[PDB]
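Following this are structure 1 and structure 2, which are two forms of one protein chain, each written alone as structure tokens.
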Structure 1
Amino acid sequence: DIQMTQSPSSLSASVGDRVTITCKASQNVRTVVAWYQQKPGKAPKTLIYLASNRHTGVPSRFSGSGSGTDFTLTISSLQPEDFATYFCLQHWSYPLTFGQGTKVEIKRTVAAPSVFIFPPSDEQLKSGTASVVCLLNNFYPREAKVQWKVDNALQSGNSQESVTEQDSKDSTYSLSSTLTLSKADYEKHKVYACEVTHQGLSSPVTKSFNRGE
């Protein structure tokens, strides 16, 4: 079996910049290596065949090169369409093996999250479960910390985070943090807050509510 190792796993870059992704094979595979592009939620698009040839419809900025065990994808000038995940493949021998991929994302400037909190709606409460949702909107870079305090007591283990893909208009992320609770244990407690730490925030932010408001 031939292993295909991509580097780096991810990379940030800005429009017009020049990026280089590398792949390493555990064995000699001559020039029998291809490269594929995938945007989130979408089917792949084939880019490069036999190490260095553009497939049909692939623009000039893309170029591959390499031989034996050392292969390279080069994009000469990232455009918006080029932010995506790229895979290498060896088909010298079965099994055909892909690399783990390198995710390529847009570098932009710091933007601080707009923070919002949502108590469980009356329709949900009328059903025996409570969901408190903390929304973080349109921020960069992706790293963010969100903590829950219920009557000034810190929670651990009972919240779930989800994060959107880099948005296509402004290149930000958004995040949901959902505190999941029984209708019972949720009404035992009185003040709900989530605290957001983010590099673009001068101070950590808190948004609170009291149950009965």
Structure 2
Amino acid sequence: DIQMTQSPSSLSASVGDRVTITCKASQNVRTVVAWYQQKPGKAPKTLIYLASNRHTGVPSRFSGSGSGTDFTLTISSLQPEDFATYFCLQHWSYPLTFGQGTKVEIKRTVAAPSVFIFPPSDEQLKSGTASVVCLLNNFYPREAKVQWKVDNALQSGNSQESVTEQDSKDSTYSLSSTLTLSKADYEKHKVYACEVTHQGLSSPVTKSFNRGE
């Protein structure tokens, strides 16, 4: 079985940077190596074939080289739309085998999130469960701490985060933290707070609501 090993496995790089990504074939696959770009939740786009050749339509900042065991994809000048996972592929031998992919992240300047909190709808309390949502809008970098307090008491495990993909223009992220509690249990308490700690905030920012007002 021919292994294709890509390095690095992920990387963060600024608009304008020159990005190089390698791919080592487990043995001599000569020049029978192709490269693909995949934006998340979308079909791959073919970039390079026979190691060094630009498939139709692909911008000239993309280019490939290598032979035998060792292969390179370069993006000479990263654009903000170029975040994606990049895969190499050998097809010298069956089975055809892909590298594990290199996820390329756009590095940008720090951007503080805008925070919002959403009480559960009565439309949902009418249903026995309760979802409180805290939104972190358009920030960079990805890493953030969302802490839920109820009547001020840090919660555990009744929380779940999800993060969007990088914005194709300004490279920011958005994030939601969901807190789930019982109808019974949401209404045994008053103040609902999610507290946000992010590089772009001097101090943690809290958005709150009282179950009443």
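What we label the rigid core is the largest C-alpha set whose atoms superpose within 1.5 Å from one form to the other. Reference numbering: structure 1, starting with residue 1.
- Once the core is superposed between structure 1 and structure 2, every option in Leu125, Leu135, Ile106, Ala112 stays below 2 Å in C-alpha shift except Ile106.
- For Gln199, the Cα coordinates differ by under 2 angstroms between structure 1 and structure 2 after the core has been superposed.
- With a cut-off of 2 Å and the rigid core superposed, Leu78 has a Cα displacement that reaches or exceeds the cut-off between structure 1 and structure 2.
- Shown in the overlay between structure 1 and structure 2, fitted on the rigid core, is a CA shift at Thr22 smaller than 2 Å.
- Here the rigid core is superposed, and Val58 then shows its C-alpha moved by 2.3 angstrom between structure 1 and structure 2.
- Core superposition places the C-alpha of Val146 0.4 Å apart between structure 1 and structure 2.
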